[PDB]
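1. Experimental coordinates follow, after the sequence.
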Amino acid sequence: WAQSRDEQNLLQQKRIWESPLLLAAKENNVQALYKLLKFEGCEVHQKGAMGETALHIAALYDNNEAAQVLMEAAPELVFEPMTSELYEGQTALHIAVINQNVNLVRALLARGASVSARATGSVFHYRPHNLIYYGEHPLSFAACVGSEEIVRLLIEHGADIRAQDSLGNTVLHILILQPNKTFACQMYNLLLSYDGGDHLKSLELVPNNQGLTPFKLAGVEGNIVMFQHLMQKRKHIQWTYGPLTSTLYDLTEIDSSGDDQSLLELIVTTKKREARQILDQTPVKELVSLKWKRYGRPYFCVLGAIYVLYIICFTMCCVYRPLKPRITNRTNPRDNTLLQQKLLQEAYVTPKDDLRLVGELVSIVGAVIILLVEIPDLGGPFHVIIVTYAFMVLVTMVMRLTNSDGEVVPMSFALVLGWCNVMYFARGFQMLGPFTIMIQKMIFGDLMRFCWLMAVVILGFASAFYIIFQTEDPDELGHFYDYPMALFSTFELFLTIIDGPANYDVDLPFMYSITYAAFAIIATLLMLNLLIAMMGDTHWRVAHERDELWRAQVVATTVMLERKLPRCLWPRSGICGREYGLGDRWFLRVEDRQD
Ligand SMILES: [Gd]
Ligand SMILES: [Gd]
């Protein structure tokens, strides 16, 4: 796809070179334009490669004298839009506006160019492969280029500010996505001055078709300067007492009013790295901290203590599993057998068995509750693990009633997934809070690396030992008696957790002594470079990423409790405007001191 526009751009410059009209429009040769138009007559409605006219070419390369000649000899080329799919809708006005050619925009509105002609070309879309996104209307182009003179000059000739594009975005939404944040704020105020002036149907209330007001889009897109500037409209200073200044906050589009209309939900669910800084701002950081200090932090410990007791319940049901002897003379064929199955399905022989039967019941009603609260549908694995645990618990009771050999298989999987999920609640303890995010964000880029390497090193050295020790007998050292144990023993050797094969009575093969020296070296070099490369995330900027991501998790988890829990507890944050001078809106009282 990228080569197409590269081809069509090289194709355009070829057609400009071929057509002497389009060449004179690109080179601003007024001497040749009159020779081509008045003397030896040519097609003045000539269409270029990109569906352009000679006027569109004269507007690209800022050439005013050529454009005026093209309009004095054919004033209908102004209404002419670009016809190609890449520029479907662009007019000669859009090119002059985005080039900030005020004299050409002035002359184009004299001819009466449509200030409402959309530009639906593919290069005008809000896509990553396009370097910019200025919208579709000429009013939106002047707002993005930072030319306040063209903006009002377009409104003078009937430009509509309510004009939404394909994505249902007004000119306000488009400025929020722009890079030059420090200059677009004055442009944002200039556009609002032309509003209707009534409290209803304001331009700041017109939502993006993704359900986003311009204020809401600022926080989602991580636009701090626009969020701060948009916040001036929604805060009421109460009084000024020396350095102290008690101010009131609107809390309308913030907090959690509507289901998905809440902004806090949008900030924690977005993948935008910049959005995590919005909840650190002075309307939100007061809110989220009050929602946590009370009603947030305590309820997280209640659910945690309940889950800790629920798992220690199921743990006891496993350590006190059913009992039964071997009941088979099987421990002689393949005399390495070791099993003593404790699996009989008894019926209510309970001097102390019903104590775990209710524990088996508690483990089931808790697992079906866990399944019926998380499957009806950052903290990711610590909620995918719980549904897999409750899946293993339900398979554990399915492992019963069939009495299969692998009774312990789904039960041992549930015993580890259920416990290691307790450090999910570690994200709300100050100390190991950021620790849990450190071990979590390390499973991706710093765990799969050096394991694909370690796995390839084992695949090499482990299999060699099998060949070396498939000749000798396993009665002696035996670390590699079959190919699976040839791999598993060397894996343990890679982490030095095994003492290394060493027998000093017999004579070891001539290749083991050489290969293990090379193993002890490479298994430690790849163990040290795993330590150093992993470290490389200890910058002073990471000191925030260690903390403000944990706070983002605490803020995200604080929103998790407020949605599902009932309304008898956790009252709405702030104080309602009703029964006060305000009106049925909830406000936060925050005061500060300027030094
Ligand atoms: Gd032996
Ligand atoms: Gd040892």
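-> Okay, I see it. Numbers count the residues shown, from 1 in each chain. Ligands and ions are numbered 1, 2, ... in the order given.
2. For residue 392, which residues are in contact?
-> By C-beta atoms under 8 Å, 6 or more residues apart in numbering, residue 392 lies in contact with 410-411, 413-414, 417. Bear in mind the C-beta positions are built from the backbone N, C-alpha and C, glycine included.
3. Only the buried subset of those, as a ChimeraX command please.
-> One line in ChimeraX is enough to select the buried members of the contacts of residue 392, burial here meaning 16 or more other C-beta atoms under 10 Å:
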select :410,411,413,414,417
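4. Rebuild the contacts of residue 392 as TSV, extending it with secondary structure and distance to residue 159.
-> Shown next, in TSV, are these (DSSP: H, G, I helix; E, B strand; the rest coil; distance: C-beta to C-beta, whole Å):
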residue	secondary structure	distance to residue 159
410	helix	67
411	helix	70
413	helix	65
414	helix	65
417	helix	60
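5. Nearest to residue 322, out of the contacts of residue 392: which one, please.
-> The closest of the contacts of residue 392 to residue 322 turns out to be residue 411 (C-beta to C-beta; 11.4 Å).
6. And that closest one, how close does it get to residue 314?
-> Per C-beta to C-beta, to the nearest Å, residue 411 is found 9 Å from residue 314.
7. ok, now residue 91?
-> According to C-beta to C-beta, residue 91 stands 70 Å off from residue 314.
8. Which one's more surrounded, the two?
-> Each of residue 91 and residue 314 has its neighbours counted (other C-beta atoms under 10 Å); residue 91 has more, 27 against 24.
9. I figured the more buried one was touching residue 113, is that so?
-> Yes - Residue 91 is within contact range of residue 113, at 6.3 Å (criterion: C-beta atoms under 8 Å).
10. Spit out the residues that contact the two alike.
-> Common neighbours of residue 91 and residue 113, counting by C-beta under 8 Å, 6+ apart, are 78-79.
11. Just give me how far stretch 509-520 sits from the chain centre.
-> The chain centroid and the centroid of stretch 509-520 are separated by 48 Å, computed with C-alpha atoms, centre = their mean, to the nearest Å.
12. Then stretch 476-496?
-> 42 Å.
13. repeat for stretch 162-180
-> Computed by C-alpha atoms, centre = their mean, the chain-centroid distance of stretch 162-180 equals 22 Å.
14. Helices of the stretch 351-500 of the chain, residue ranges please.
-> Taking DSSP state H, counting those that start in this stretch as the criterion, the stretch 351-500 of the chain carries its helices at 354-374, 381-399, 408-419, 432-440, 452-469, 483-494.
15. Hey, what's the angle from the fourth one to helix 381-399? Just curious.
-> Orientation check (axes from the mean of the first three to the mean of the last three C-alpha atoms, to 10 degrees): helix 432-440 against helix 381-399 gives 70 degrees.
16. Check the secondary structure at residue 592 for me.
-> strand (DSSP: H, G, I helix; E, B strand; the rest coil).
17. Chain neighbours aside, what residue packs nearest to it?
-> Using C-beta to C-beta, 6 or more residues apart in numbering and skipping residues adjacent in sequence, the residue nearest residue 592 is residue 245, 6.2 Å away.
18. For residue 576, give me the backbone phi and psi.
-> Torsion angles at residue 576 (phi, psi; degrees, to the nearest 10) stand at phi -70, psi 150.
19. Run through the bridge partners of it.
-> residue 586 (DSSP bridges).
20. Thought residue 251 was touching it, still the case?
-> No - in this structure, residue 576 is not within contact of residue 251 by C-beta under 8 Å, at 10.3 Å.
21. For residue 534, list the residues it contacts.
-> Neighbouring residues of residue 534 by C-beta under 8 Å, 6+ apart: 442, 446.
22. hmm, try it at 7 Å
-> Applying C-beta atoms under 7 Å, 6 or more residues apart in numbering, we find residue 534 in contact with residue 446.
23. Which positions within the helix or strand that contains it qualify as buried?
-> Assigned by DSSP states H and E, residue 534 belongs to helix 512-535. Of the residues in helix 512-535, 512, 516, 519, 523, 530 count as buried by neighbour count, 16+ other C-beta under 10 Å.
24. can you give me how far it is from the chain middle?
-> 36 Å.
25. That helix to helix 483-494, inter-axis angle?
-> With the same axes, to 10 degrees applied, the angle from helix 512-535 to helix 483-494 works out at 60 degrees.
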